[PDB]
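Before any questions on binding or motion, here is one chain by itself as structure tokens, the form deposited in one PDB entry.
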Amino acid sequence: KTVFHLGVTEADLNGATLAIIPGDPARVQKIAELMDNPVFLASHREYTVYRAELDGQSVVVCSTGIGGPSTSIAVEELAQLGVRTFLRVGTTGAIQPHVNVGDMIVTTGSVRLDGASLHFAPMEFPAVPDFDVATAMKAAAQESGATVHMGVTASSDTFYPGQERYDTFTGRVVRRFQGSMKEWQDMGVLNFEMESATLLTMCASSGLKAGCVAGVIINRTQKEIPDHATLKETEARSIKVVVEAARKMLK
């Protein structure tokens, strides 16, 4: 059995029912090498796929690319090949003053500022994680020594106007998004990223377990350019955490 984009077969996954799904293809090997017997399976487009073993059980690691549309393809095709649980790891920009660079966030629900979520459920449906996955992610994050925040994430189909960035080619933000960062701040929203609304809505409406954990790389109330050593430490911690969360899900 084959799929249209990922370039892997059911047999290639060696019975895996859990996937770790970072955004960046270059991070796939970095996650896989935290586990046993990592093996490269395929690379096509933004999709790099490895298998590995965790406590004797097969796990797949597959990049999503940026955004809900490319994420939706990876999740669907992995589900066709038997995957049922999806652990998203990535980076994020915090919007609350009390959330520091280097902290971790586990999303309890997403503001659906995307389009692909609507291809699975109407807007009324909540973009919420599986409770076991969120619970595992919180525990793994705390156990790493991180400062961890549970809360709502704004999930945008753009990096620029949908996150109310003005330092752009046009310097304009469409009416819908003018004032939106302050609005989300006042509503207690923690952070922005670009895939969770799609992932969580798709999975919660399709009988798949999903959750999202992220390391804070910037705070929008502070500066846009991360410090390199701090960012490296955050990224390394994030992938250690997601692997430990996977271990908890497989127990």
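Shifts are known only where both forms have a C-alpha. When you see a residue number, it is the position in the sequence shown, counting from 1. The term rigid core refers to the maximal set of C-alpha atoms that superpose within 1.5 Å between the two forms.
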Absent coordinates for residue 227 in a third or more of other compared entries: yes
170 to 178 versus 139 to 147 - greater average Cα B-factor per the deposited record: 139 to 147
Of 98 to 106 and 158 to 166, the stretch whose C-alpha atoms average the higher B-factor in the entry: 98 to 106
Among 66, 61, 35, 202 - the residue whose C-alpha B-factor is largest in the record: 35
Highest-ranked of 70, 191, 48, 57 once sorted by CA temperature factor in the record: 57
Among modelled residues of the same chain, the CA temperature factor third for residue 195: lowest
Lowest, middle or highest third - CA B-factor, residue 90: highest
Chain-relative CA temperature factor third for residue 219: lowest
Third of chain Cα B-factors occupied by residue 28: middle
Position of residue 185 among the chain's modelled residues by C-alpha B-factor, lowest, middle or highest third: lowest
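Beyond what is shown, the protein has a form deposited in another entry; the following relates to that form.
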Core fit, then residue 10 C-alpha moves 2 Å or more between the shown form and the other one: no
Core superposition between the shown form and the other one, C-alpha change of residue 224 at least 2 Å: yes
Once both forms are overlaid on the core, stretches between the shown form and the other one of 3 or more residues with C-alpha shifts of 2 Å or more: 223 to 232
